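A.B. asks: An experimental structure, sequence included, is below.
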Amino acid sequence: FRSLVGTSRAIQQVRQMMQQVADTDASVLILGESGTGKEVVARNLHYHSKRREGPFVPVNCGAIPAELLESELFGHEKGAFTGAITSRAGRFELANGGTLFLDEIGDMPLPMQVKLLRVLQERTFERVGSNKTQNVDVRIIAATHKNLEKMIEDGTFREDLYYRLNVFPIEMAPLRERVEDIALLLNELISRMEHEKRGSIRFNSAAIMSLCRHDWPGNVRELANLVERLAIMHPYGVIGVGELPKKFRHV
Ligand SMILES: Nc1ncnc2c1ncn2[C@@H]1O[C@H](COP(=O)(O)OP(=O)(O)OP(O)(O)=S)[C@@H](O)[C@H]1O
Ligand SMILES: [Mg+2]
């Protein structure tokens, strides 16, 4: 785990709710833009859960071939389809006793949403082509940068799955709504980068104000990118307004 650095009320609330849902087995939904810490939040939840010493299993919902998605999620037994010479355990079976992290749940296709639902209310599943219904034991943590209720109304997300998953919602404020945290965030990212052989910089107040007026569409991950790049261009340097890429200058 990392900790969620920062002193905004938003991030403090996020910490409080994390402390409250962690050692429960409730489905957690983390909503937030790209780069805002949603996976951090998930890994932290997990390592402070009953599952904390079982497996943490990510599932990147839009980055699996549909043609194989079922078998990736639920495993297959030999000769289920063409190419099925071995017998795979699925992400779910892999996760039994741990946490399953559905990364971008809004990109999960509908047939997979119903199957996921069957798992959350029944706690069973079968490998593809297989008869044997295995029980399964995981804690669900899903994340999204999408508007799930809108999708519900566009009929691209299932309402029943929605209310089943969204037991404990946690919202992650975008960086541009937490500028108070940027310096802290900086000190963290730089510290990591030092503890990782990888270089050193620091920022002066003008630079820091400039970065505090930036829109951060990639949020914290964009910030981390900037720290790495600047540490290359100005090794062990102090970063002022004129060292920032023009993109990040706001004076
Ligand atoms: N509050 C925070 N304190 C410290 N480090 C953070 C914080 N939030 C994010 N990070 C770090 O900055 C990066 C943000 O990435 P993620 O947490 O994976 O964001 P995300 O919401 O999961 O983005 P996606 O959904 O994968 S595009 C990671 O390298 C984290 O370690
Ligand atoms: Mg992620």
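C.D. replies: Nice, I can see it. Numbers count the residues shown, from 1 in each chain. Ligands and ions are numbered 1, 2, ... in the order given.

A.B. asks: how about the residues of this protein near ligand 2?
C.D. replies: Contact residues of the chain with respect to ligand 2, defined by Cβ under 5 Å from the ion, are listed as 39, 103. To be clear about C-beta, it is placed using only N, CA and C from the backbone, and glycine gets the same treatment.

A.B. asks: Which segments of the chain make up each domain?
C.D. replies: Here the domain assignment for the chain is 1-175, 176-251, based on curated CATH domains.

A.B. asks: Could you dump these into TSV and include mean neighbour count?
C.D. replies: What follows is the domains of the chain, written out as TSV (neighbours: other Cβ atoms under 10 Å):
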stretch	mean neighbour count
domain 1-175	17
domain 176-251	16
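
A.B. asks: Quick one, which of those gets closest to ligand 1.
C.D. replies: Distances from ligand 1 to each of the domains of the chain were compared using Cβ to the nearest ligand atom; the minimum, 2.9 Å, belongs to domain 1-175.

A.B. asks: Does the closest one reach ligand 1?
C.D. replies: Yes - residues of domain 1-175 are located near ligand 1 by Cβ under 6 Å from any ligand atom, namely 2, 4-6, 32, 34-40, 143.

A.B. asks: could you pull out the strands for this protein?
C.D. replies: Remark: strands of the chain, listed N- to C-terminal, are 28-32, 56-60, 99-103, 124-126, 133-135, 139-144, 168-172, 201-203, 237-239; assignment by DSSP state E.

A.B. asks: who does the fifth one pair up with?
C.D. replies: Note on strand 133-135: by DSSP bridges, its sheet partners are strand 124-126 (antiparallel).

A.B. asks: Tell me which residues are up against the strand it pairs with.
C.D. replies: Contacting residues not belonging to strand 124-126 are listed as 74, 90, 92-93, 115, 118-119, 132-136 [Cβ atoms under 8 Å, 6 or more residues apart in numbering].

A.B. asks: Geometrically speaking, which residue is the centre of the chain?
C.D. replies: When the chain is reduced to its mean C-alpha position, the closest residue under Cα atoms, centre = their mean turns out to be residue 39, at 2.8 Å.

A.B. asks: Is it correct that it is in contact with residue 101?
C.D. replies: Yes - taking contact to mean Cβ atoms under 8 Å, the distance of 7.2 Å between residue 39 and residue 101 places them in contact.

A.B. asks: which neighbours do those two share?
C.D. replies: With the criterion set as Cβ under 8 Å, 6+ apart, the overlap between the contacts of residue 39 and residue 101 is 58, 143.

A.B. asks: Return the residues in contact with residue 1.
C.D. replies: With contact set as Cβ under 8 Å, 6+ apart, residue 1 has these partners: 40, 43-44, 47.

A.B. asks: redo that, cut-off 7 Å
C.D. replies: Residues counted as contacts of residue 1 (Cβ atoms under 7 Å, 6 or more residues apart in numbering) are 43-44, 47.

A.B. asks: Could you pull up the contacting residues of the closest residue to residue 69 other than its chain neighbours?
C.D. replies: Spatial nearest neighbour of residue 69, excluding adjacent residues (Cβ to Cβ, 6 or more residues apart in numbering): residue 112 at 5.9 Å. For residue 112, the set of contacting residues under the criterion of Cβ under 7 Å, 6+ apart consists of 69-70, 73.

A.B. asks: One more: residue 178?
C.D. replies: Each residue near residue 178 by Cβ under 7 Å, 6+ apart is listed here: 6, 8, 10-11.

A.B. asks: Also residue 185?
C.D. replies: Each residue near residue 185 by Cβ under 7 Å, 6+ apart is listed here: 5-6, 220, 223.
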